[PDB]
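Novice: Sharing a structure, written as structure tokens. Questions coming.
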């Protein structure tokens with residue numbers, strides 16, 4: 001089997017991407033944030049505290065003839081940005097882009113934190129990291145990809161995120177028309193539960209490439225590119241007037257600036273992030289200070305190749321017995 005679904009930016013900045021997902025029978029379509037940095041499929045639901053729902057579409061398990069309470073199971077997750085959610089668990093049929101999994105754990109939110117309530121466009125998350133990070137207790141549950149893997153033509157999914165445009169998540173096949181040149185594959189460590197890999201270096205604009213190992217994760221659920229402070233300082237030093245602002249929470253730059261590109265290495269290959277992908281616009285409406293899309297990881301504990309990086313590439317998440325990542329230009 002295979003599946004193919006369009007993923008669409010939630011706003012004009014590409015702050016996140018939503019993909020329609022069919023849950024239950026008859027189908028209830030919810031727009032979920034596919035997140036290669038977590039491993040829970042959780043949704044706003046008929047069980048979510050009413051004051052914490054503000055415009056999201058909800059899953060109502062009692063209206064699904066295939067829903068079954070997973071007795072005794074609870075979940076609770078806290079994300080790297082400080083947000084969180086928790087609840088109970090049903091199993092139900094879940095389909096993405098024509099690919100159907102029966103018996104998928106659908107984690108129904110009883111509580112969500114403010115940032116989720118305040119985003120009416122995201123009806124939940126679909127985690128695509130390794131199932132060892134799934135938070136369901138006392139019986140850990142498998143991700144959608146893990147459940148689908150054996151049925152797929154090839155044990156892979158691909159992320160082709162658009163810049164200010166829709167893109168595609170494919171499951172079970174690699175669309176050879178979706179990228180240019182060749183895909184370069186690189187080793188993955190699953191020891192932390194992430195799609196963790198080592199970039200071979202970077203360049204700023206037309207500058208020389210610096211060969212250096214940068215360990216990080218490929219994370220579709222993180223908006224920006226978080227890298228070591230040395231790298232980030234080298235980038236923003238090429239933008240006149242750019243500075244790190246403690247009050248804003250990162251590097252800002254004059255909105256009148258033209259940003260240089262940023263290149264990262266994948267083995268001997270190179271992925272170029274155009275400067276325009278690094279512009280996240282005014283820090284507040286009407287401001288002439290703009291927020292940068294490359295930020296320091298120094299306070300995170302891990303480097304994160306988020307959407308800013310991933311949207312410059314066609315990315316293969318190879319879930320073979322020994323997983324690998326592939327990157328191609330496009």
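Novice: Between residue 83 and residue 245, what is 0.36 nm times their sequence separation minus the Cα-Cα distance? Round to one decimal in nm. Write down the numbers at each step before the final one.
Specialist: Working: separation 162, 0.36 × 162 = 58.32 nm, distance 2.25 nm.
So the chain would gain 56.1 nm between residue 83 and residue 245.
Novice: Take every Cα pair under 8 Å in the chain that's 6+ residues apart, average their separations, divide by the length, and report that relative contact order as a whole percent. Before the final figure, lay out each step's value.
Specialist: Details: 875 pairs, mean separation 61.7, N = 330.
Worked out over the chain, it gives 19 percent.
Novice: If I model a spin label as a point 7 Å beyond the Cα along the Cα-Cβ vector, how far apart are those points for residue 229 and residue 49 in nm?
Specialist: With each label placed 7 Å out from Cα toward Cβ, I get 3.6 nm.
Novice: A further question on this structure: What translational diffusion coefficient, in µm²/s and rounded to a whole number, does the Stokes-Einstein relation yield for the range 112-167 at 20 °C and a viscosity of 1.002 mPa s, taking the hydrodynamic radius as the Kirkwood radius over Cα pairs? Don't skip to the answer; put the middle values down first.
Specialist: Values: Rh = 14.1 Å.
It diffuses with D of about 152 µm²/s by this estimate.
Novice: Something else: From the square roots a ≥ b ≥ c of the eigenvalues of the alpha-carbon gyration tensor of the range 175-330, which class results: rounded (a/c under 1.5), prolate (a/b over b/c), or oblate? Don't jump to the answer; show the numbers that get you there.
Specialist: On the way: a/c = 1.90, a/b = 1.66, b/c = 1.15.
Prolate is the answer for the range 175-330, as a/c is 1.5 or above and a/b outweighs b/c.
Novice: On to the next question. If eta is 1.306 mPa s and T is 10 °C, what Stokes-Einstein diffusion coefficient results for the range 176-230, Kirkwood Rh from Cα pairs, in µm²/s? Kindly include the intermediate steps, with their values, before the conclusion.
Specialist: Details: Rh = 13.5 Å.
D, rounded to a whole number, is 117 µm²/s.
Novice: Using the count of nearby Cβ atoms within 10 Å as a rough guide to exposure, how do 34, 157 rank from fewest to most?
Specialist: Working: 34 25, 157 28.
So the residues, fewest neighbours to most, are 34, 157.
Novice: I need the P(r) histogram for the chain: all alpha carbon pairs, bin width 10 Å from 0 out to the longest distance, whole percents.
Specialist: Result, from short to long distances: 6, 26, 34, 23, 9, 1 percent.
Novice: Run the quick spin-label model on residue 154 and residue 121: label points 7 Å from Cα toward the beta carbon, then report their separation in nm to one decimal.
Specialist: Placing both labels 7 Å along Cα→Cβ, they lie 3.1 nm apart.
Novice: From the gyration tensor of the Cα coordinates in the range 5-174, what semi-axes in whole Å does the equivalent ellipsoid have, largest first, with each one equal to sqrt(5λ)?
Specialist: Working: eigenvalues 94, 80, 46 Å².
Gyration-tensor ellipsoid for the range 5-174: 22, 20, 15 Å.
Novice: While we're on this one: What does the helix-only formula give at 222 nm for the chain: each DSSP H stretch with n ≥ 4 adding -39500 (n - 2.57), the total divided by the residues, and the result rounded to the nearest 500 deg cm²/dmol?
Specialist: Details: 4 runs with 21 residues, N = 330.
Taking each H run of at least 4 residues, the total per residue is -1500 deg cm²/dmol.
Novice: Then there is this: Sticking with the crude label model, points 7 Å out along Cα→Cβ, report the distance from residue 212 to residue 62 in nm, one decimal please.
Specialist: 5.8
Note: ideal-geometry Cβ built from the backbone for every residue, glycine included; neighbour counts use all protein chains shown. Every number here is computed from the coordinates shown, using simple stated rules; none is lab data.
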